[PDB]
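All remarks here apply to the structure that follows.
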Amino acid sequence: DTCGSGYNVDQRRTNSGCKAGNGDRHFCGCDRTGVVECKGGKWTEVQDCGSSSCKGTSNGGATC
């Protein structure tokens, strides 16, 4: 899922469902404290930014 109203196109809700076509794209979680990737059908945190620093794009490319 996206994060909802007030959130940006580079964000996906950690632990929510995700389509397999996402491949290994990296997005930011809603609070920007982590980078997520679609694994096993769920947005899964692959890097903990600690602070709310994650940024990416609508096509992926997120980094802390």
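Can you list the residues of region 10-33 with backbone N under 12 Å from a point 7 Å past the Cα of residue 52, pointing along Cα to Cβ?
Counting backbone N atoms under 12 Å from the label point, the list is 30-33.
Using only the alpha-carbon atoms of the chain as identical scatterers, what base-10 log of I(q)/I(0) does the Debye formula give at q = 0.27 Å⁻¹?
-1.13
Picking from 26, 44, 9, whose Cα lies most toward the positive end of the charge dipole for region 8-64 (charges on Cβ: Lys, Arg +1; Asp, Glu -1)?
Of the listed residues, the answer is 9.
Roughly how many nanometres apart are two label points built 7 Å out from the Cα toward the Cβ at residue 31 and residue 15?
1.1
Taking the Cα centre of region 8-64 as origin, sum charge times position over the Cβ atoms of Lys and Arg (+1) and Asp and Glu (-1), and report the length of that vector in debye to the nearest 20.
Rounded to the nearest 20 debye, it is 180 debye.
So what is the relative contact order for the chain, in percent, with contacts set as C-alpha pairs under 8 Å and at least six apart?
Values: 159 pairs, mean separation 20.5, N = 64.
Relative contact order, the chain: 32 percent.
Can you list the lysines whose alpha carbon is less than 17 Å from that of residue 19, not counting same-chain residues fewer than 8 positions off?
The qualifying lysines are 39, 42.
Note that each Cβ is placed from the backbone with ideal geometry, even for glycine, and that neighbours are counted across all protein chains shown. Only the coordinates and a few stated rules stand behind these numbers; no lab work does.
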